[PDB]
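Okay, so here's just one chain, in structure tokens, the form deposited in one PDB entry.
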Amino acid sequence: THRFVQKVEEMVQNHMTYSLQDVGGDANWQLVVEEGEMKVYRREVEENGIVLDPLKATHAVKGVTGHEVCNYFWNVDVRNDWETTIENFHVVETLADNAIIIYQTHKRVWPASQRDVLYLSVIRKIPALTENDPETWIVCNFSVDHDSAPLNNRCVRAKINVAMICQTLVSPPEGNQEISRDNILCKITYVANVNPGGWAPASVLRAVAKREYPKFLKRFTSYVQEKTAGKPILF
């Protein structure tokens, strides 16, 4: 019932419609890196000189659930334990138990101006048709406007639409036995569409993205694996 409910539903449903489509067999999409179960793809797109390069990654992370992965991705209290591209951030507003607006500044990359971002971050469970099947969990981070964080002259305001979409697969054990983490897999689709908000040199931006996206996916998924080990499974 907060004011962004309609916008949230739009962004989430657009991800469920378009962000899970195949890119492995798409000629416009290029494999950047493959390491283990992680695959990172990019489509090279510049629009009026501005590098927009859609990014899509997939991963399959043993021993964690989608609910767990999304909780850790969304929870600002653990953000600094895994995120390495930020200088500073704060929660601007709490909209609901599952939705917040965050302001953050990113590490500066020479020669371009420092970027900042202002986004709504929402975590949502998408039920299957019935409880016979696993729900999908999604975290969506998308730029919004807010009076407490106006455009400023110190940073260029980037515009983002990012999603982490998690499906959980279980190999059920025999008879009356308990489910172990060894028999759960979380399939992650991560999509980032970032508009740098103003001019930036293409070669510079592209090398940083190519480095930072897989670094993040490896570091973040390992972090969740580490922190959930020995804890009861949260489905």
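Between two forms, the rigid core is defined as the largest C-alpha subset superposing within 1.5 Å. Residues that one form lacks are left out of the comparison. In this text, residue numbers run from 1 along the sequence as written.
S.K.: Does at least a third of the other compared PDB entries (those resolving both flanking residues) leave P173 without coordinates?
M.R.: It is, since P173 is left out of at least a third of the other entries that model both flanking stretches.
S.K.: Which is higher in the entry, the mean Cα B factor of 144-152 or that of 108-116?
M.R.: Comparing averages over the C-alpha atoms only gives 144-152.
S.K.: On average, are the C-alpha B-factors higher in 180-188 or in 32-40?
M.R.: Mean B over CA atoms: larger for 32-40.
S.K.: Given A209, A27, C166, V64, identify the residue with the highest C-alpha B factor in the PDB entry.
M.R.: When the deposited C-alpha B-factors of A209, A27, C166, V64 are compared, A27 is largest.
S.K.: Report the option among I123, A128, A158, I102 whose CA atom has the maximum B-factor in the deposited record.
M.R.: Largest recorded C-alpha B-factor: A128.
S.K.: Which third, lowest, middle or highest, does the CA B-factor of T136 fall in along this chain?
M.R.: CA B-factor rank for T136: middle third.
S.K.: State the tercile, meaning the lowest, middle or highest third, of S171 with respect to the CA B-factors recorded for its chain.
M.R.: CA B-factor rank for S171: highest third.
S.K.: Check where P54 lands among this chain's C-alpha B-factors and tell me if it's the lowest, middle or highest third.
M.R.: CA B-factor rank for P54: lowest third.
S.K.: Taking only the Cα B-factors deposited for this chain, tell me whether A200 sits in the lowest, middle or highest third.
M.R.: Highest third, going by the recorded CA B-factors of the chain.
S.K.: Lowest, middle or highest third of the chain for the C-alpha temperature factor of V224?
M.R.: CA B-factor rank for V224: lowest third.
As for the form solved in complex with a partner chain, it is not shown, yet the points below apply to it.
S.K.: Taking the shortest heavy atom distance, is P173 within 4.5 Å of the partner chain in the entry with it bound?
M.R.: Because a heavy atom of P173 falls inside 4.5 Å of the partner chain in the entry with it bound, the answer is yes.
S.K.: At 4.5 Å between heavy atoms, is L31 in contact with the partner chain in the entry with it bound?
M.R.: Judged by the heavy-atom cut-off of 4.5 Å, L31 is well away from the partner chain in the entry with it bound.
S.K.: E135: heavy atom within 4.5 Å of the partner chain in the entry with it bound?
M.R.: Heavy-atom contact with the partner chain at 4.5 Å: present for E135.
S.K.: Hey, in the entry with it bound, does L169 get a heavy atom within 4.5 angstroms of the partner chain?
M.R.: Although the partner chain is absent here, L169 would touch it in the entry with it bound, with heavy atoms inside 4.5 Å.
S.K.: Could you work out which of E131, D97, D147, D77 is the residue within 4.5 angstroms of the partner chain in the entry with it bound, going by heavy atoms?
M.R.: Exactly one listed residue reaches within 4.5 Å, namely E131.
S.K.: Counting any non-hydrogen atom inside 4.5 Å, which residue from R43, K187, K39, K210 sits next to the partner chain in the entry with it bound?
M.R.: Contact residue from the list: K187.
S.K.: Please name which of the stretches 202-210, 189-197, 175-183, 45-53 has residues with heavy atoms lying within 4.5 Å of the partner chain in the entry with it bound.
M.R.: Correct option: 175-183.
S.K.: Please find the residue from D97, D77, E131, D147 showing a Cα shift of 2 angstroms or more between this form and the one not shown, rigid core superposed.
M.R.: Looking at each option in turn, only one qualifies, and it is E131.
S.K.: When the rigid core is used for the superposition, does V51 move between this form and the one not shown (threshold: C-alpha shift of 2 Å or more)?
M.R.: True for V51: a C-alpha shift of 2 Å or more.
S.K.: Looking in the entry with it bound, decide if the C-alpha atoms of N14 and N48 are closer or farther than in the form shown; they differ by 3 Å or more.
M.R.: Compared with the form shown here, the C-alpha atoms of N14 and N48 sit closer together in the entry with it bound, by 3 Å or more.
S.K.: Since the Cα-Cα distance for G49 and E212 shifts by 3 angstroms or more in the entry with it bound, is it a contraction (closer) or an expansion (farther)?
M.R.: Their C-alpha distance grows by at least 3 Å in the entry with it bound.
S.K.: After the core superposition, state the residue ranges of at least 3 consecutive residues in which each CA shifts by 2 Å or more between this form and the one not shown.
M.R.: Runs with every C-alpha shifted by at least 2 Å: 45-51, 130-134, 172-176.
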